[PDB]
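Form deposited in one PDB entry, single chain, as C-alpha cells, below.
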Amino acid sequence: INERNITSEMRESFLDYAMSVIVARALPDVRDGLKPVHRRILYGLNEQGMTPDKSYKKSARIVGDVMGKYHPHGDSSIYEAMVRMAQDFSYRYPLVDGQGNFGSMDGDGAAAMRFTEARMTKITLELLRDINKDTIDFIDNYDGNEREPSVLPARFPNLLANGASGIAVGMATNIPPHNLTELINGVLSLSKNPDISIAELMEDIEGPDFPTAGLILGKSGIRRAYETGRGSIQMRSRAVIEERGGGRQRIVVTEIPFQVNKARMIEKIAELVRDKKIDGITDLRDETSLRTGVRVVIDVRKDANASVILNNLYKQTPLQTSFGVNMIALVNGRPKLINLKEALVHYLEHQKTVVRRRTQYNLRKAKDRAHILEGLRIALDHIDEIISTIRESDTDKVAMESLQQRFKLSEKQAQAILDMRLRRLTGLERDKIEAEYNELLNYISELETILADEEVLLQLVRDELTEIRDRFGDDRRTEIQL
C-alpha cells in the first residue's frame, strides 16, 4: 500500500482523460475531416470490400467488425455515428449508403442495427482512394493485433464539405458544411496563389451550404467566421405567405434550419399558441411527405397580418436559429482554432503528399513488376535451357540456385520462374507477358516525369480535384440573402 497524493492523482487522471477526448474522440482531423469513430467505420467498410457496386451489408456485422478490430467502445456509439453518416438531412455529402429505417428530421432513431444494412456511397470511394498505395501512415490498433489508418487520403475537402460538431474537454468545435463545387474552386484558386486572401477565397466559397437548405441572413457573420474561425450565423426557414381561399392566408414552411428538429419546432409553436403567447394562428399541420417534401402549414386568422405573425415566429421559435461557428480541428495532432484559409492550406498540403506518395509507391511497384517480367521474358527466351536446369535439380533450392547462376537472375526472378504454370507457355499467354512489360515501361516513365517536376505533380492534384468536382459537385442549396 503506497500513498497517492490526491492532487497529483486528480491532475494526471484528468489530463489523461482530457487529452484523449481532444486528440482521439471529439475533434476532427483537419486533413480528412474525420473523428476516430467515423474513420474506423469507413476503413472497416473498405477492408470488408463494402463498395457501392456490391450488395448492402448487415449493420450488425459492420459494427461488430469495427468494434473488435479498431474501436474499443460501446456499440451504440459506433452504430449511431454510422447512422448519421447515412442521413441526407445531417450530411451535406452522405458518406454511408443505408437501406432501411435510418431515422428522420423529427428525431426518430434508426431501426435496430439488426434490421438495417449499409455500404459506402460513391463519394466515400474518394475518401478512401489510394489508401493501399502507401499514401497515408498506418498505426497499430488499440491491442496491437491490427493496423489502422492514422488519416484517410481524402481526395475531396471533407472537413469543410460535411462540417463537424464535437464537445471535448476545455473546448468544443462547430464547423458548418459547405458546397463541394465552391470548395474545390477555392482549393484550385489557392493552388495558383499561395498568397490569396480570405476575401478573394470568398469569391469561390460564398458561405456554408446546409443539407437542409434554408436561408442565411447577411454575410458579416460568415466573414468573421472565415477570418477568425469564430462568428455567429443567422439561419432562417424558407417560408412564404399564400392565400388559402375565402380571403384567408397561411404561412408555408418548406425548409428548416440545419440541426433543428422539425417535430420539436412544431410542438414549440403549438405550445405558444396554447399558452396564448402568440396571436393569429388558427391551425398548425405538418404536411411533410416523401412525395411532396417538407411542408409545414400555419393557418392565419382572417384579416390578421400574416407577415407580423411570421416575424413573431422567427423571434419566438427555432424557425430562426443561429449557428455559432467555432472552427477547431486537429492540426499536426494538436487542437487549433483555424480560419478558412488555414483549413484549405492544410487540406491542399495533404493532397500534395498523398499524390506524391502514391506516385512514389506506384513507381516502386511498377519497377518490382518490371523486374519480375524481365525474369519471365528470359525464361521464355531460353525455355529449353530453363526446363533442363530445373529437371536436373533434385530440390527447389538447387533449382533456384542454378537458375540464378545460369541466367544471372535474382532470387525473386528465379522464384517467379519456378512458380510459372505450364499454361503460361501458350501463344496468348506469352504475348500477355510481353505486352504487360511494354505497358509498364511506359507507365514507369510517366511516373518519373511526375516526380521530376513539382509543377506537373501540382497540376495532377488540380486535375484530379477538377474531375471530382465535375462528377460530385452540385448546386448550392442554402440561399445567402443580403
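We call the rigid core whatever largest set of C-alpha positions still superposes within 1.5 Å between the two forms. When you see a residue number, it is the position in the sequence shown, counting from 1. Shifts are known only where both forms have a C-alpha.
What comes next is about the form deposited in another entry, which does not appear here.
Superposition on the rigid core between the shown form and the other one places the CA atom of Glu448 less than 2 Å from its counterpart.
With the core held fixed between the shown form and the other one, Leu428 has its Cα displaced by at least 2 Å. After superposition on the rigid core, the sole stretch of at least three consecutive residues with Cα shifts of 2 Å or more between the shown form and the other one is 427-439.
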